[PDB]
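Structure record follows, encoded as structure tokens.
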Amino acid sequence: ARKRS
Amino acid sequence: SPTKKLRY
Amino acid sequence: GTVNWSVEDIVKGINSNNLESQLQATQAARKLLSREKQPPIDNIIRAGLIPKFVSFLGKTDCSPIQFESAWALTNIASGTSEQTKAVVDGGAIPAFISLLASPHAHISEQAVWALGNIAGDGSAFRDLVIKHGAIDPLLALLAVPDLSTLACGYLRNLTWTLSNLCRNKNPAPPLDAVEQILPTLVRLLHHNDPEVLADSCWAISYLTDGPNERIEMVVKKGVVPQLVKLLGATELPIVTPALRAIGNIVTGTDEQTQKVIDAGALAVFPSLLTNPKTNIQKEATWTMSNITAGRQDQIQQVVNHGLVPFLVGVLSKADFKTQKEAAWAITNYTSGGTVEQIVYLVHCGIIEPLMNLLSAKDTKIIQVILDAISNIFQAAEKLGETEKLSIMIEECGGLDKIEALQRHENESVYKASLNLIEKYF
């Protein structure tokens, strides 16, 4: 669960 | 928002 | 009078040594360049007129020709990168910066506009405008006790040009320029004009489109609550950039995302996730996907605000790109969430739409959905409810889709579907 730009 | 604008 | 001149006549007038004839020819050029259809920018450039206009910018003794040349050059600079470059190569940047301090408001405004076009070309001309010293006089124009005393169009043009100075990446604007501009941007973000608000939000969205240090520069100013307020606005030209800025901010650290949550942003997402404008729905679902990638207490605040049913809704029916953002939000949720949160997700009806989306052609959404299904099955394992979940997936028709994906071209989909079937079905 990592951020997506 | 536009990058450039012409004045009419 | 000065209407419908040929370029030949404009050249003849500008080449005369009569300042009044030059003024009339320059006004004719301005009117030609201000026409709706196909302004002959390239003809004016090829005529060699840019250096003359630039020299006229410096005629302090003849404000009308300053204004006419500034307008003509503004409109030349409004075109392609080659035409903007023609304006810059003529020396226009320092001349326009010198005009920013003109005692004539319409001349100062025209210089603001021209510098906005130049900076809006891209990061190189943006940084060149900055290096010539535009920020100090620009911001001095806005150093008044109450912005409401300024003319509306003047203030809108200043806000727009500042937003262009905040715009573009590779590289992003210089850190010191951003620090210099941000306070005036906060003030403008509290202004009442819808166009000023829209362009201030756009500027903030540019400044938050980057690494966590840029986001931090912005959030330190305390603007997140005002951004959430604007997120609740009725004017879509305001909601769009406000939502972009909030999404950018939640791409940062968990603490910055928490600043967004504490300001009350989640309470707006029932409307945003059902907004009739597809772009708003997509951006809001992307923002949600980055919030569900956060801490378990942040996932819990998503739950408490009743947003899981809205994610089920978007997954069930929406434009396909929004549905892909929702699939991402669900996979992040299941990757970071507790067992109780995941079972709640199942109780809200996620399985059926998640399985219906497995019929899509996009391989990445299939991978995302299979990862989410694996996470949900792992929670079920912890509860000994794997059989109920398998029966649910089989009843909605997902087992057929998974066994069909077993013959998928991509290796990851192949292997994940095989694992699911061999482990739970």
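Going down the list, the protein sequences come from chains B, C and A. If you read the first sequence in the deposited numbering, its first letter stands for residue 21, the second for the next number, and so on. If you read the second sequence in the deposited numbering, its first letter stands for residue 27, the second for the next number, and so on. If you read the third sequence in the deposited numbering, its first letter stands for residue 72, the second for the next number, and so on. Using N, Cα and C, we set each Cβ at its ideal position, and we do this for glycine too.
Buried versus exposed call for residue i [16 or more other C-beta atoms within 10 Å across all chains shown]
i, result
"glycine 377 of chain A", "exposed"
"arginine 258 of chain A", "exposed"
"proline 174 of chain A", "exposed"
"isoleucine 462 of chain A", "exposed"
"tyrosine 34 of chain C", "exposed"
"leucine 454 of chain A", "exposed"
"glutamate 482 of chain A", "exposed"
"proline 312 of chain A", "buried"
"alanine 211 of chain A", "exposed"
"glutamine 367 of chain A", "exposed"
"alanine 475 of chain A", "exposed"
"residue 50 of chain A", "No information on residue 50 of chain A is available, as it lies outside the stretch 72 to 496 that chain A covers here."
"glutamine 327 of chain A", "buried"
"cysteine 223 of chain A", "exposed"
"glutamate 354 of chain A", "buried"
"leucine 246 of chain A", "exposed"
"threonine 151 of chain A", "exposed"
Beta-carbon contacts of residue i that lie in its chain and below 6 Å, excluding the five residues immediately before and after
i, result
"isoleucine 116 of chain A", "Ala157"
"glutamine 297 of chain A", "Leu260"
"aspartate 207 of chain A", "none"
"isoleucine 147 of chain A", "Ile112, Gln154 and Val158"
"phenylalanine 167 of chain A", "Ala182, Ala185 and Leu186"
"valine 125 of chain A", "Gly161, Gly162, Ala163 and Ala166"
"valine 299 of chain A", "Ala334, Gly335 and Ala336"
DSSP-derived helix/strand/coil call for residue i
i, result
"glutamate 480 of chain A", "coil"
"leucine 213 of chain A", "coil"
"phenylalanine 496 of chain A", "coil"
"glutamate 396 of chain A", "helix"
"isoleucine 362 of chain A", "helix"
"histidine 261 of chain A", "coil"
"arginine 285 of chain A", "helix"
"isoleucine 178 of chain A", "helix"
"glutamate 107 of chain A", "coil"
"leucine 171 of chain A", "coil"
"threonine 305 of chain A", "coil"
"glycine 318 of chain A", "helix"
"residue 497 of chain A", "In the structure displayed, chain A extends from 72 to 496; residue 497 of chain A sits before or after that span and is not available."
"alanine 243 of chain A", "coil"
"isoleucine 421 of chain A", "coil"
"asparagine 375 of chain A", "helix"
Contacts that residue i makes with chain C (C-beta to C-beta distance below 7 Å)
i, result
"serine 149 of chain A", "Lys30, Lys31 and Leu32"
"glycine 191 of chain A", "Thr29 and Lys30"
"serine 105 of chain A", "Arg33 and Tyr34"
Nonlocal neighbours in the same chain, by C-beta distance under 8 Å from residue i, ignoring five residues either side
i, result
"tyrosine 415 of chain A", "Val374 and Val379"
Residue i: contacting residues in chain C (beta-carbon distance under 9 Å)
i, result
"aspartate 270 of chain A", "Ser27"
Partner residues on chain B for residue i, Cβ-Cβ distance less than 9 Å
i, result
"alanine 364 of chain A", "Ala21, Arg22, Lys23 and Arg24"
"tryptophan 273 of chain A", "Here the premise fails: no neighbours, minimum Cβ distance about 17 Å."
Residues that residue i contacts on chain B, provided the C-beta gap is smaller than 8 Å
i, result
"residue 17 of chain A", "No information on residue 17 of chain A is available, as it lies outside the stretch 72 to 496 that chain A covers here."
"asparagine 361 of chain A", "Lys23 and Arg24"
"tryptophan 399 of chain A", "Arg24"
Contacts that residue i makes with chain B (C-beta to C-beta distance below 7 Å)
i, result
"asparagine 403 of chain A", "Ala21"
"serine 406 of chain A", "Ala21"
Per-residue contacts from residue i into chain C (C-beta, under 8 Å)
i, result
"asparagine 146 of chain A", "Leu32 and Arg33"
Cβ-heavy atom distance, residue i to the ligand ZN, below 7 Å
i, result
"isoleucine 401 of chain A", "Annotation note on the ligand ZN: not contained in the displayed structure, which lists no ligands."
Query raised in the report: Three or more C-beta pairs closer than 8 Å, one from the stretch 75-82 of chain A and one from the stretch 191-208 of chain A: is that the case here?
Result: Verdict: no, contact absent.
Query raised in the report: Below 8 Å, can you find three or more Cβ-Cβ pairs linking the stretch 303-313 of chain A to the stretch 278-290 of chain A?
Result: Touching, no.
**Report entry** the stretch 169-183 of chain A touching the stretch 90-105 of chain A, judged by at least three CB pairs closer than 8 Å
**Finding:** At 8 Å Cβ cutoff, the stretches do not touch.
Report task. Mind the definition here: the stretch 460-475 of chain A touches the stretch 404-414 of chain A only if three or more C-beta pairs lie below 8 Å; say whether that holds. Result -> No: the two stretches stay apart, fewer than three of their Cβ pairs being nearer than 8 Å.
Query raised in the report: Would you call the stretch 417-435 of chain A and the stretch 385-402 of chain A touching, i.e. three or more CB-CB distances under 8 Å?
Result: Yes: at least three Cβ pairs fall under 8 Å.
**Report entry** Contact the stretch 260-280 of chain A vs the stretch 316-325 of chain A: 3+ CB pairs below 8 Å
**Finding:** These segments touch.
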